[PDB]
Amino acid sequence: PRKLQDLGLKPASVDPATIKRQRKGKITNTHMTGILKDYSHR
Amino acid sequence: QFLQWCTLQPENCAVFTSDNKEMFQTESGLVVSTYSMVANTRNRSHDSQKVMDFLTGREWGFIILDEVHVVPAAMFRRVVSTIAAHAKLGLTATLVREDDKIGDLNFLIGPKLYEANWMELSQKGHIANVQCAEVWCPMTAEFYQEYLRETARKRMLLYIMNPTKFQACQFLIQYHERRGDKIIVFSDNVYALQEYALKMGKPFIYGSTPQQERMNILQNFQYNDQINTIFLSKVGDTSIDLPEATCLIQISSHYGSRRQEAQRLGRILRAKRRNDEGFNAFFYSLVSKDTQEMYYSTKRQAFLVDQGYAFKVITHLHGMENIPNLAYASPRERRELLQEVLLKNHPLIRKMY
Amino acid sequence: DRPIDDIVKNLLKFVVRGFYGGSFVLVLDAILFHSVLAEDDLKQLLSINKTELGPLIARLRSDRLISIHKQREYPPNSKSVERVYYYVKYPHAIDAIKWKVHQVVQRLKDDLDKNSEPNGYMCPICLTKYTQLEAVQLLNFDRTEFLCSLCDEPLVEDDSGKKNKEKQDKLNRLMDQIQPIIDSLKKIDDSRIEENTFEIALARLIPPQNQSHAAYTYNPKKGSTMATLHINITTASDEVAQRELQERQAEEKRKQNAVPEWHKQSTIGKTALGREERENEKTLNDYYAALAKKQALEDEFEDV
Amino acid sequence: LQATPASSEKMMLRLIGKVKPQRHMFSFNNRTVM
Ligand SMILES: [Zn+2]
């Protein structure tokens, strides 16, 4: 592809892959263990 | 604040804390910190020493002193002397202290610029209309007799642990949970907080609690609907992040401190339902009758009534006679609580050991 | 589906029918019909031999017409033989076809250039070439014949150079036959070609047989760095019911936002807290009737 | 109808009918088509 444009013939292909591309701690509320739900998101 | 409400690129902003110590390479910018590092008289680290020397050697044009009520303290009084600034701004919500040194702020920052009219802000919907109420709790004969025969330090825990306040707090929680109100219950005594958490069955947060546990309790309060009451120690009194709530129950307090009342009341002043018509925030102060709670709460409400709030007294609650759950109704359980309060106060030899 | 896909299928079919043999046409049409195919799929559909598909797959890989995928999967019998999937990379295929036709016409132009020079002189005993530039220094003093340095033989004139018109006619006969290719690439270059892969070709597959040994589902590996619409119909009667509901949430919202009884009223005055017309209308209808007479394998699930 | 998510390796569809209910049990080889 990088020489097809040099030869004037427009390629119909994108550049292929050969071209460069990209704790647990203690709990104090021991009398209510298990009723609290995890909330890792808003 | 500086990143979102004003056009400040992050390269002008630096953080001077324990975890964050990088300092901006520009000629002029922003550094945000706590009074504790600059005013520290102890031995500081070399990086913190370099930051302090840069702060001393650089002429600053303006300083923001958030929560200026801690400025007239012992070492914080020097934060305007080590740091040279032409303009000093004092921003706080509690311009009251128990000592007279609060009146020395004029020697530290300057003349009092502006006083906010709290009724004007409340009637315009800017802040929630708090309903300051004071629920009175009578004494049992044995508890109050034990109150008259001991010293003040034991007396504090004795009038906090009255079963009448337990019944009143349980009834208030039961009443305000049905209305969908988010409830924060403040009490500075950590043993009182633990006893309340054990008796009622609500999460409790104190100073030495794990921080991940504190966040888990906070999001369980904010999002999970089966937890609407959170018990907090003096940690929630200070400027920390807490979820929005409409109901506050103040069981006990650190004596007659006027600052703590407004600090707790400002938590519910930013309620979400302020745009709703007819919304009234609830602020109850549970007091033990004929004891030093009356004196301390009367001293504490002075700043709030000077701001304009009216603390309506409540000596009778409709629902004590037909309450489903009775706390310490039996006399023997009250006695058991009473004596519980009274009883409260060489690489080879290394394997051989 | 896509007309451009039909166009590039026509490209592949015409180039394999023109520049390749019949078996190449068979395998290429098999891959064009069923988008993803394995070796057992070809051996079942075409009844082709492994030794017969050997040169075919080798030539189609060397010309970049068929892409090979080396994925192995996990069958229930766990006999994970290294099956190879034959598919098509459309941009790679059209680039290979364009490069091949451009190189063919450029090589023919160079052959025409090398035929454009004069004939030259051949030595048939030694079978040695001689151009017009290097035969200058091999003449005799008799000025009659070109004498070779080795054979000392009378040189003969090459038949090359006079075939200039033959090579021009070869160019003419190539160029008009390749005209559909040029006309189709005119439409291709004016269009946008998406880069397909094995996963893209899996979206348009046609089953080759009932029971395929090779599973077409892609198995990812770790470490490889190579809505609903519901309507409500009310017959002009239940509107009052919806207003009753609306006022009921209104009244419960006002109740839950109401001031408590101890707030609006002082509680100090009370004790302290502590521990039949059917027959009528039938006769009416009878009267109107009389009057009118008078005047006239299991997996986990979610519900979607 | 019962579907499988993208996290599932084997993707599979289940159709349960109404009146013994009939069960139809369908395998598609592509995620977008499914
Ligand atoms: Zn010769």
Dipole of the protein assembly as shown (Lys/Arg Cβ +1, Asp/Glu Cβ -1, origin at the Cα centre): which of B:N40, B:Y114, B:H346 lies farthest to the positive side? B:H346
Filtered hits (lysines, Cα-Cα < 28 Å from C:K282, offset >= 8 within chain) -> C:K293, C:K294
Would you mind checking A:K10/C:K186; B:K199/C:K270; B:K154/B:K182; B:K124/B:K299; B:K299/C:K270 for any pair whose Cα atoms are more than 22 angstrom apart? B:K199/C:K270; B:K154/B:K182; B:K124/B:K299; B:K299/C:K270
Taking K and R as +1 and D and E as -1, what net charge do the other residues with C-beta under 12 Å from the C-beta of B:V71 add up to? +2
DSSP loop (so not H, G, I, E, B), at most 15 other Cβ within 10 Å: list which GluC sites (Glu not before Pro) in the range C:10-105 pass both filters. C:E73, C:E82
To the nearest 20 debye, the protein assembly as shown has a Cα-centred charge dipole, built from +1 on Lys and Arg Cβ and -1 on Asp and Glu Cβ, of 2100
Roughly how many debye, to the nearest 20, is the charge dipole of chain B about its Cα centre, given +1 on each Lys and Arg Cβ, -1 on each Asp and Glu Cβ, and no other charges? 680
Over the range B:65-111, what relative contact order in percent results from Cα pairs under 8 Å that are six or more residues apart? 51
Diffusion coefficient in µm²/s returned for the range C:21-135 by Stokes-Einstein, Kirkwood Rh over C-alpha pairs, 10 °C and 1.306 mPa s, is 88
Tell me, how many Å apart are the Cα centres for chain D and for the range B:215-264? 49
Taking Rh as the Kirkwood radius, which is the inverse of the mean 1/r over Cα pairs, what is the Rg/Rh value for the protein assembly as shown? 1.23
If we count every other residue with Cβ under 13 angstrom of B:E213's Cβ, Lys/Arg +1 and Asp/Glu -1, where does the sum land? +3
Mean separation of Cα pairs under 8 Å and 6+ residues apart, divided by the residue count of the range C:63-178: what relative contact order is that in percent? 20
Please give me the summed charge of the neighbours of C:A96: other residues whose Cβ is under 13 Å from its Cβ, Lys and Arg +1, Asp and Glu -1. +4
With DSSP loop assignment and no more than 14 other C-beta atoms within 10 Å, the GluC sites (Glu not before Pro) in the range B:1-103 are B:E22, B:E27, B:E59, B:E98
Candidate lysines for bridging to B:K21, where Cα separation is under 16 Å - those fewer than 8 sequence places away on the same chain excluded: B:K50
Which log10 I(q)/I(0) values does the range B:1-80 give at q = 0.13, 0.14, 0.16 Å⁻¹ under the Debye formula, counting every alpha carbon as one identical point scatterer? -0.44, -0.51, -0.67
What share of the DSSP beta bridges in the protein assembly as shown is antiparallel, in percent to the nearest 5? 35
Ellipticity estimate at 222 nm from DSSP helix runs (n ≥ 4, -39,500 (n - 2.57)) divided over chain C, nearest 500: -15000 deg cm²/dmol
Specify whether the C-alpha gyration tensor of the range C:175-304 places it in the rounded, prolate or oblate class, a ≥ b ≥ c being the square roots of the eigenvalues: rounded for a/c under 1.5, otherwise prolate if a/b is larger than b/c and oblate if not. oblate
Quick one: of B:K165/B:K202; C:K9/C:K165; C:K50/C:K89; B:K165/B:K272; A:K24/B:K351; A:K3/C:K109, which pairs are farther than 25 Å apart, Cα to Cα? C:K9/C:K165; B:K165/B:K272; A:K24/B:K351
Normalised contact order of the range B:1-123, rounded percent, pairs of Cα under 8 Å and 6 or more residues apart: 18
Test item: Cα-centred dipole of the range C:126-251, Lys/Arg +1 and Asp/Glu -1 on Cβ, debye: 240
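Taken together, the values in this text are just the output of simple stated rules run on the coordinates, not laboratory data. All Cβ positions, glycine included, derive from the backbone under ideal geometry; neighbour counts span all protein chains shown.
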